[PDB]
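Only one chain is shown below, in structure tokens, and it's the form deposited in one PDB entry.
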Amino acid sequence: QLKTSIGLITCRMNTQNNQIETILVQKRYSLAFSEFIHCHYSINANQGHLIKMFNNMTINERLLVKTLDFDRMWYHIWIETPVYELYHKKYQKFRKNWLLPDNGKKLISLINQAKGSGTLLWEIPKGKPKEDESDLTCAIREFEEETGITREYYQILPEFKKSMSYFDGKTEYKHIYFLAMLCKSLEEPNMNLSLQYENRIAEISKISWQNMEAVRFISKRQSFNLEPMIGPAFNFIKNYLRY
């Protein structure tokens, strides 16, 4: 299985610090919460291995699970997105796993004994290309989809392209990044996040400019290491500026 995503590293020279900054987005929910809600776990894997997944949720997500109300858990991710068939299948798997055996007693025990909390990832915006869509077009479209920043605000620098490959075990993930430079003021990217734009808030809780110091700080505190991507981008930006 191969999953290819393409993203855009959009950068600014903040005229106040004389530092280079990039647009990053923070997720709204954890991968663990999603994996649990979509039944990507083994009920027959005994406790500690489902316990880590519960450990890697946020406290609020665990408090949502403790309600045993699958509709509220689902809303947390999908926000009344019309996916009824998927919802029905996942809901029946949830109640078969956790409600019919004991009306939620083992689930509540596991939720209560779970320790710690997960972290919401900072990421570069990216998504899967549409049907026979070119890579640059896909990166631009997904960037606008997630952040609301239109092509008006930036110029692509076409000689930068960075590819990264990860393996999860059976799915190979390839991530492709273009580079863009801000050509129009945009001081507060977070203000593009509004509940009237369903696709921006769908998986995003915050949009922010981040300098290299912030990129390193975040990278050393989350599973996703952003420094091998942002590093070469900022290097390219420096070379571009010195020309």
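Shifts are known only where both forms have a C-alpha. The numbering used is simple: start at 1 and walk along the sequence shown. Take the two forms, find the largest set of C-alpha atoms that superpose within 1.5 Å, and that set is the rigid core.
Omitted from view is the form deposited in another entry, to which the following refers.
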{"item": "Flagged residue of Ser109, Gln155, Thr150, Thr171 - C-alpha shift reaching 2 Å or more between the shown form and the other one, core superposed", "value": "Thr171"}
{"item": "Core-aligned CA displacement of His49 at least 2 Å between the shown form and the other one", "value": "yes"}
{"item": "Closer or farther in that other deposited form: C-alpha pair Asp168, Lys89 (3 angstroms or more)", "value": "farther"}
{"item": "Mobile segments between the shown form and the other one - rigid core superposition, Cα shift of 2 Å or more, 3+ residues", "value": "45-49, 168-171"}
